[PDB]
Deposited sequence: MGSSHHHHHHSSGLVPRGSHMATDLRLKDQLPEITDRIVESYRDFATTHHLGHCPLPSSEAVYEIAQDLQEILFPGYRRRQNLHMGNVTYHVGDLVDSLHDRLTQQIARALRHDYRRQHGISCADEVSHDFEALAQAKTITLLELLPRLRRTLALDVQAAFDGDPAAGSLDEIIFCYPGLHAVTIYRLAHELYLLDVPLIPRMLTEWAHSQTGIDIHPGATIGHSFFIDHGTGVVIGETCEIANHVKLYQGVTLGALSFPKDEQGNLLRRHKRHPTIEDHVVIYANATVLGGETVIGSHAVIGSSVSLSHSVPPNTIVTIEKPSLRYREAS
């Protein structure tokens, strides 16, 4: 009977006492996943108006739309950042929970992010053009903006990256993993990535925290820019110089691996050492076995 339910409830609540690591019970709200996703939506509406939720934006009403989003983002970002800072401070110092202070610091950070939205749009315009240049078959800039997952993942990454530079805990990774969830493109928020970046297809792409990518680089599906199996904090991920292309399913590992300007890394190539500028690296023609099914 339902008479068992109160007891099951009580055992679960008891388990909150026993295993305290997987709950946050108390008077100190962490940041909200949903609030961070909503922030992300609003930021994207500012960056690509006409391509998101509203389709009735024109020069005569866009100020009202942006103005309202900026006002709301100021409040929401401040709140979420403040909770991230408070929680991280408490955790670092082992302090328990029992417009000033962290709030003011959060607001300062929030305003910095909002102030760089014009600059971000400049950067993102070059990424859009990189997608157009990088995919000859592409219909239009509009198609790219609507639905190229590489552009979406990069957009989120660039927002998360700015917050990373501002020492915001939690929220950068929450943003990148949201994009990762939608696109299968996994970019650490600490990665440094220059303008005119394009990921085509993208599923399975992984880019590590200390990875440094210059301008005009293109990656394909399944590319890993990662750390070596064996032994921007301590550099453990590769540097990719300008105008590099890395084809599908390549792997590039190591904090000292530099892929030089204008290099091409062929499909399925696995590298743990530097490549000179102007080099095409490809796999040896595979040795395949053939048999008839009989």
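- In this entry, the deposited residues absent from the coordinate set span 1-26, 125-127, 261-268.
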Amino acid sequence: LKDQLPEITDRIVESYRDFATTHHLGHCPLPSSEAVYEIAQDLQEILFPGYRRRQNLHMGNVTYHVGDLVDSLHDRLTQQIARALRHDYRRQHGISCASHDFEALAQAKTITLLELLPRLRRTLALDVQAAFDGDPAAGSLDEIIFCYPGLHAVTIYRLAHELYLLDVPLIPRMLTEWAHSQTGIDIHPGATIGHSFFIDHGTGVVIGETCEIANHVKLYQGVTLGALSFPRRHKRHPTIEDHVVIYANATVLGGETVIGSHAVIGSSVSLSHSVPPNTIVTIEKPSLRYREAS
From here on, numbers count along this sequence of modelled residues.
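- Mean C-alpha B-factor is higher over 135-143 than over the other stretch, the pair under comparison being 181-189 and 135-143.
- Averaged over CA atoms, B-factors in the entry run higher in 232-240 than in the other of 34-42 and 232-240.
- Take 198, 102, 148, 157 and read off each C-alpha B-factor from the entry; 102 has the highest.
- Which of 216, 90, 173, 152 has the largest Cα B-factor in the deposited entry comes down to 90.
- For residue 227, the recorded CA temperature factor ranks within the highest third of the chain's modelled residues.
- Among the modelled residues of the chain, residue 27 sits in the highest third by CA temperature factor in this PDB entry.
- When the CA B factors of the chain's modelled residues are split into thirds, the value for residue 15 lands in the highest one.
- Among the modelled residues of its chain, residue 249 has a C-alpha B-factor that falls in the middle third, as given in the PDB entry.
- In the PDB entry, a CA B factor belonging to the lowest third of its chain's modelled residues is recorded for residue 61.
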